[PDB]
Amino acid sequence: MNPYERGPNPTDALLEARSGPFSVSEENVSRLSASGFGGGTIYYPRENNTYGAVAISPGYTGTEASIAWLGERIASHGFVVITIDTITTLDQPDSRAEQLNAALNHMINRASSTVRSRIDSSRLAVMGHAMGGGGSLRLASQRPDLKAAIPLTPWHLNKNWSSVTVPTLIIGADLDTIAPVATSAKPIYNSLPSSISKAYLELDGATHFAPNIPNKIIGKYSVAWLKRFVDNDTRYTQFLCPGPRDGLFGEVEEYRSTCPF
């Protein structure tokens, strides 16, 4: 009934594991094979199907290494993910939004036949850490044809993103001092239209750099979000709605959404 559904029926354990159910391979993208971004790496399911595609930017001073685990982990759940370097490491969010776009177009039009044939180019999503997350918001603002956006501990000069209609999961870190949620993640989140699918997830005991190491909360709810909105996969709705618990036994500091989806 839903032709975009991929992989087995999800469970907490399956979404929390270090790798998802899809066996993945890599395609190196060097700086000078890449037009409009700094190169990177494509992770793609070996299983010959079509999948949605994700571009992931790092933040200020950061490299591909800072986000690599997340691209691989997400690809292992049924997506073609590019994890990029930026033209320079000090690039600002709007240029990073352009690079996420250049990275999406590389995967669709420029990569090998192996990668291009595995992409449903109509079902695309962007993610970014920090300034990379502001990049995600800007491109989402400019490309309402995108299916999902996941800004991680995001920063942008502008926090008013009421122009975004792309389903957005804002992830914050409670101990973040580089992009405090008081001044960034939360103002950003509340700006997004109450009429779109959106969620706000704040990690507990998390610094700005929590997204830069394997984190099973980030991995779980990123995959759940991309599944629901890139694949329209309603098997994943129950993970987002009502969504993660706070408190002593729960897995998060705070969670808000526009559930039900």
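Going letter by letter, the sequence shown gives residues -8 to 252 in this note's numbering. Think of the CB as a built atom: it goes at the ideal place given N, C-alpha and C, for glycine as much as any other residue.
Close beta carbons around residue i, own chain, < 6 Å, minus the five adjacent residues each side
i           : result
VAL72       : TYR34, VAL45, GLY62, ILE65 and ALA66
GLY123      : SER48, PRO49, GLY50 and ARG87
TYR180      : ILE161 and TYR191
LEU91       : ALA46, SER48, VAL117, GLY126 and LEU130
residue 311 : There is no way to answer for residue 311, as the model of the chain reaches only from -8 to 252.
Boundaries of the alpha helix (DSSP H) in which residue i is found, first to last residue
i      : result
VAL221 : 207 to 221
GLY124 : 122 to 133
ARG64  : 59 to 66
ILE187 : It is not in any alpha helix (DSSP H) - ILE187 carries neither H nor E in the DSSP assignment.
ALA4   : 3 to 7
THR52  : Counting along the chain, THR52 falls outside any alpha helix (DSSP H), and DSSP gives it neither H nor E.
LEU231 : 228 to 231
Distance between beta carbons of residue j and residue i, contact taken as under 8 Å
i      : j       : result
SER16  : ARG37   : 6 Å
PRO202 : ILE208  : Not quite, the Cβ-Cβ distance comes to about 10 Å (not below 8 Å), so this is no contact.
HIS199 : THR144  : 6 Å
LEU6   : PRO(-1) : The Cβ separation is near 11 Å, so there is no contact.
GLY163 : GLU193  : 4 Å
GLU18  : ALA102  : 6 Å
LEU115 : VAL155  : About 15 Å; that fails the 8 Å criterion.
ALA121 : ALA170  : 6 Å
Identity of the residue in the options nearest residue i by Cα
i           : options                           : result
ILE75       : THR52, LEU231 and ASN39           : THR52
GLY196      : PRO178, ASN206 and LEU115         : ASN206
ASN(-7)     : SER248, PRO251, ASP222 and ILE187 : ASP222
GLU(-4)     : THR228, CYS232 and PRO251         : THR228
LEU231      : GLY238, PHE240, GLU244 and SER213 : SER213
residue 253 : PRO135, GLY119, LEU128 and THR105 : Residue numbering for the chain in the displayed model covers -8 to 252; residue 253 lies beyond these limits and cannot be assessed.
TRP146      : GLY30, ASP165, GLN83 and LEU239   : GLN83
residue 331 : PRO178, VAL172 and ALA56          : Since the first residue shown for the chain is -8 and the last is 252, residue 331 is missing from the structure and cannot be characterised.
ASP111      : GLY69, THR41 and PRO171           : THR41
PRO142      : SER21, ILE58 and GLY31            : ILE58
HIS68       : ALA56, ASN149 and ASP224          : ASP224
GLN133      : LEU166, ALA176, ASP85 and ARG22   : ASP85
Spatial neighbours of residue i in its chain, beta-carbon cut-off 8 Å, leaving aside the 5 residues before and after
i           : result
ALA93       : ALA25, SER26, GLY27 and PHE28
residue 269 : No information on residue 269 is available, as it lies outside the stretch -8 to 252 that the chain covers here.
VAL243      : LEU192, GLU193, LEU194, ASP195, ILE208, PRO235, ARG236 and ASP237
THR54       : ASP76 and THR80
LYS138      : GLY43, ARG114, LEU115, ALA116, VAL157, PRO158, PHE220 and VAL221
Segment limits, beta strand (DSSP E) that includes residue i
i           : result
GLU17       : 15 to 20
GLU245      : 245 to 248
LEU160      : 159 to 164
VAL172      : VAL172 -> no beta strand (DSSP E), and no H or E assigned at all.
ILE47       : 42 to 48
residue 296 : Limits of the chain in this structure are -8 at one end and 252 at the other, which puts residue 296 out of reach.
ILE141      : 139 to 143
Within-8 Å CB hit, residue i to chain B
i      : result
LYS138 : Absent from the structure: chain B. Only one protein chain is present.
Beta-carbon proximity list for residue i, same chain, < 7 Å, skipping 5 on both sides
i      : result
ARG107 : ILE99
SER188 : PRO158, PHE220, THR249 and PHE252
Length-filtered (4 minimum) alpha helix (DSSP H) runs lying within the region 62 to 121: 84 to 96 and 104 to 107
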